[PDB]
Amino acid sequence: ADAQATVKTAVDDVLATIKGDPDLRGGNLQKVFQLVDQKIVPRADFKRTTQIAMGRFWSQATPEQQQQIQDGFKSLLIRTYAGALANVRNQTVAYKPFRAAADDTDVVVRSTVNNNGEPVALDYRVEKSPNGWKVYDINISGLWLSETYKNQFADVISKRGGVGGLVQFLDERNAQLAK
Ligand SMILES: CCCCCCCCCCCCCCCC(=O)OC[C@H](COP(=O)(O)OCCN)OC(=O)CCCCCCCCCCCCCCC
C-alpha cells in the first residue's frame with residue numbers, strides 16, 4: 001500500500017469502528033484511548049510528532065523524559081479530540097489527488113470529511129519507514145499539529161526554564177482536560 005492507501009485504510013478503520021460501538025459514541029474515554037492504540041498508532045509515528053514538537057530540546061531531554069513527554073502529549077491530543085471522535089455518526093471522507101511522486105518518501109495526503117454537510121479538511125504528513133508508511137502529522141483547521149505544539153512547547157520550555165517545565169505543563173494540561 002502507498003501513502004494515500006495507508007491513510008485511507010486507517011481513517012476508514014477509525015470511522016467504521018466508532019460507528020459500530022455505541023459505548024464509544026456514548027463517550028467512554030477508555031474506549032477512545034483503545035481505539036487510538038489499536039486503529040491509529042500502528043499506522044502512525046508519534047515519536048516523530050513528539051520529536052518535531054520538541055525541536056532542539058528533544059536531545060536535551062533524558063530518555064525517560066522523552067517517553068513521559070510522548071505519553072503526555074499523546075494523552076493530551078486524545079483527550080482534546082475524544083469528543084469529536086465520539087460524535088461521529090455518518091461522516092464520509094473524499095481524498096484529493098495524490099500529488100507527490102510514487103518514489104517520494106515524505107509526502108502529504110489531502111482529504112475532506114463530510115461533517116453533516118460541512119466540508120472539514122484533514123491533511124496528513126506520511127513518511128515511508130523500513131516498516132511501512134506512517135502518519136506523523138495531521139492538519140486540522142488549516143494548521144499542522146506538530147507546528148502548533150512546536151510553538152506551544154518552545155514557549156513553555158522558555159518560560160519554565162527547561163524540559164522539566166514541559167513535563168510539568170503537560171501534567172497540568174492533562175489534569176485540566178480530565179476535569
Ligand atoms: C499525529 C498523527 C495523527 C493520525 C490520525 C489519523 C486518524 C484520523 C482519523 C480521523 C477521524 C476524523 C473524525 C472526525 C470527524 C469529524 O467530523 O469531526 C467533526 C469536528 C467538528 O465537530 P462539530 O461539528 O460537532 O463542531 C464542534 C462544535 N460543536 O471537527 C473537529 O473537531 C476537527 C477535526 C478533528 C479530527 C480529529 C482527528 C483525531 C485526532 C488524533 C487523535 C489521536 C492522537 C494520538 C496519536 C497517536
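We count residues from 1, following the sequence as given. Reckoned from all heavy atoms, side chains included, excluding hydrogens, waters and symmetry mates. Ligands are counted one by one from 1 in listed order, and the atoms in each one are counted from 1 as well.
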Requested in this report: Flag the pair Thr49 / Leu145 as yes when at least one side-chain heavy-atom distance between them is below 4.5 Å, and no otherwise.
Outcome: no
Query raised in the report: What class does the angle between the rings of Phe73 and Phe46 fall in, given that below 30° is parallel, 30 to 60° is tilted and above 60° is perpendicular?
Result: tilted
**Report entry** Distance, nearest 0.5 Å, that separates CG of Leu35 from OG1 of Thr17
**Finding:** 6.0 Å
Query raised in the report: Should the pair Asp137-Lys150 be classified as a salt bridge under the 4.0 Å nitrogen-to-oxygen rule?
Result: no
Query raised in the report: Distance only, no hydrogens: is a donor on one side chain within 3.5 Å (strictly under) of an acceptor on the other, for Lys31 and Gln34?
Result: no
Query raised in the report: Between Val163 and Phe57, which heavy-atom pair has the shortest distance, and what is it?
Result: CG2-O, 3.8 Å
Are there any protein N or O atoms under 3.5 Å from the N or O atoms of ligand 1? List them with distances, or say none.
from	atom 1	to	atom 2	distance (Å)
ligand 1	17 (O)	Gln91	NE2	3.3
ligand 1	17 (O)	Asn115	OD1	3.2
ligand 1	24 (O)	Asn115	ND2	2.9

